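The primary structure of each chain is shown beneath.
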Amino acid sequence: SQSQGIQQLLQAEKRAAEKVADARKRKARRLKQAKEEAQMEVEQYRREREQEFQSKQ
Amino acid sequence: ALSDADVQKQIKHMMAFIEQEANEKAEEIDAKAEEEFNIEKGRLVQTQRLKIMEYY
Amino acid sequence: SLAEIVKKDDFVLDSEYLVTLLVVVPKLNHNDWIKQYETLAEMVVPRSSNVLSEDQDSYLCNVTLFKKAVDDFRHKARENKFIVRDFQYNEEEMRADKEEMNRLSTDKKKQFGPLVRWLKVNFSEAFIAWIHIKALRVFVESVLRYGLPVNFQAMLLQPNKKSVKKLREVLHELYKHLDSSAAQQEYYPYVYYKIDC
């Protein structure tokens with residue numbers, strides 16, 4: 001039954017690999033979203049300061 | 001000294017180990033993803049906010 | 001060495017948690033190993049044990065187990081008087097050993113070929129020179145003792161068994177009158193050398 005043992009273990013290894021790859025994919029996506037949101041805040045700040053400048057000008 | 005039932009128990013035990021590690025790894029990775037999300041957001045937003053203030 | 005024993009199919013490869021270890025169990029305890037290995041350490045794979053090789057004293061068996069239990073596995077295996085080999089599957093080392101042996105054996109044959117011709121020629125020449133040297137030793141002593149012109153009667157003998165005494169007595173009576181005392185260990189009343197073959 002040596003092959004059944006390893007069959008079960010390699011399938012478990014497969015599942016673990018899928019789980020961590022998916023977690024890494026989530027990380028990559030979250031980090032991209034994080035950059036997009038940061039940039040959105042940067043644009044909000046830009047618009048606010050640009051508006052004060054033009055008002056004062 | 002172990003029957004088919006016991007060898008199956010041992011196989012299930014090993015699989016349970018593999019699954020537990022898989023779950024802990026995935027959770028740890030997701031938590032780190034959340035940390036890096038906030039870290040990168042801060043770095044980026046402050047970097048460009050600073051640039052904006054300087055142009056202002 | 002396990003180079004000629006272990007096959008890729010003997011190890012559990014590409015496992016995240018499992019490693020396959022080879023342990024030698026004396027044949028007298030072969031069944032005990034098969035019965036006991038399954039319970040030597042926590043988290044081992046039951047019924048995975050099989051036999052890779054056997055000899056007159058023991059069997060070499062492979063077991064797949066969780067990596068972290070290997071310390072308990074090899075510890076308890078030793079406690080039950082089983083010896084674990086320090087071996088892991090390695091295709092490159094075994095191939096290197098096999099070719100190196102095949103190459104060195106062929107090299108032995110290839111040098112042997114030229115070895116015997118080289119040495120036999122060197123022998124031929126060494127022996128020819130050897131006797132040439134003795135001939136010169138004969139020339140020099142003959143001239144040194146008898147003067148010139150250099151006309152001497154030099155001869156080779158192939159002694160017969162147990163006749164050394166008679167030959168010496170004959171040679172002495174035949175030639176003693178020329179020296180009477182100039183020539184035991186080497187001095188004879190004539191030029192004399194031995195050839196040792």
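## Some words on the overall build of chain A
Scanning chain A from terminus to terminus reveals one helix and zero strands. Here chain A has a C-alpha radius of gyration of 25 Å; the compact-globule value for 57 residues is 10 Å, and the former is much larger. Counting only C-alpha atoms, chain A reaches 85 × 5 × 5 Å along its principal axes.

## Details of the overall build of chain C
Within chain C, the regular secondary structure consists of four helices and four strands. For 197 residues, the compact-globule estimate of 2.2 N^0.38 gives 16 Å, and chain C exceeds it by more than 25% at 38 Å. For chain C, the C-alpha atoms occupy an extent of roughly 105 × 35 × 25 Å along the three principal directions.

## Points about the sheet that holds strand 1 (residues 18–26) of chain C
Residues and elements named next belong to chain C. Strand order in the open sheet formed by four strands is 2-3-1-4, and the pairing between neighbours is antiparallel. The strands lining the two open edges of the sheet, one partner per strand, are strand 2 (50–54) and strand 4 (83–84). Sheet topology note: the strand 1/strand 3 (residues 58–66) ladder contains nine bridges and is antiparallel. Within strand 3, the position partnered with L18 by the bridge is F66.

## Describing unusual backbone geometry
All names here are of chain C. In the segment running from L148 into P149, the intervening peptide bond is cis, with an omega of 5°. Position of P149 among the secondary structure elements: in the loop between helix 3 (91–146) and helix 4 (164–179). Positioned with a positive phi, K81 is a non-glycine residue whose angle comes to about 70°. Looking at the secondary structure, you find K81 in the loop between helix 2 (70–79) and strand 4.

## Some details on the interface of chain B and chain A
Of the residues lining the interface, eleven residues belong to chain B; the matching set on chain A comes to ten residues. Class assignment of the residues belonging to the side of chain B that touches chain A gives a composition of nine nonpolar, one polar and one charged.

## Some details on the pairing of strand 1 of chain C
Two strands pair when backbone bridges link them, and strand 1 of chain C and strand 4 of chain C are joined in this way by two bridges, in the antiparallel orientation. Bridge pairing in strand 4 of chain C links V24 of chain C to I83 of chain C.

## As for the packing of helix 1 (residues 2–56) of chain A against helix 1 (residues 4–55) of chain B
Interhelical geometry of helix 1 of chain A versus helix 1 of chain B gives an angle of 15° and a closest axis separation of 8 Å. Between helix 1 of chain A and helix 1 of chain B, the angle is such that the two are roughly parallel. Regarding helix 1 of chain A and helix 1 of chain B, the two cross each other, and that crossing is right-handed. Only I18, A22, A26, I29, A33, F37, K41, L44, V45 and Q48 of chain B of helix 1 of chain B make contact with helix 1 of chain A, whose side of the interface consists of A12, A16, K19, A23, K27, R30, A34, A38 and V42 of chain A. Among the residues making up the contact of helix 1 of chain A with helix 1 of chain B, the classes are represented as 14 nonpolar, one polar and four charged.

## Some words on the pairing of strand 2 of chain C
The sheet contact formed by strand 2 of chain C and strand 3 of chain C spans four bridges and is antiparallel. Pairing of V51 of chain C across the sheet is with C61 of chain C, part of strand 3 of chain C.

Each value, and the rule that gives it
Residues numbered from 1 in each chain as written, not as in the entry; some residues may be left out. Chains lettered and ligands numbered in written order. Part of a larger assembly, values for the part shown. Heavy atoms only, no water. Residues with missing side-chain atoms left out of burial classes, pairs and counts. Helix = DSSP H or I, 4+ residues; strand = E, 2+ residues; numbered from the N terminus. Rg over C-alpha atoms; globule rule 2.2 N^0.38 Å. Pairing = 2+ DSSP bridges. Contact = heavy atoms within 4.5 Å. Nonpolar A, V, L, I, M, F, W, Y, C, P; charged D, E, K, R; others polar. Axes fitted to C-alpha atoms, helices over the stretch in contact; angles between N-to-C directions. Parallel < 35°, antiparallel > 145°, perpendicular 65-115°, else oblique. Left-handed = near helix turned anticlockwise from the far one by under 90°.

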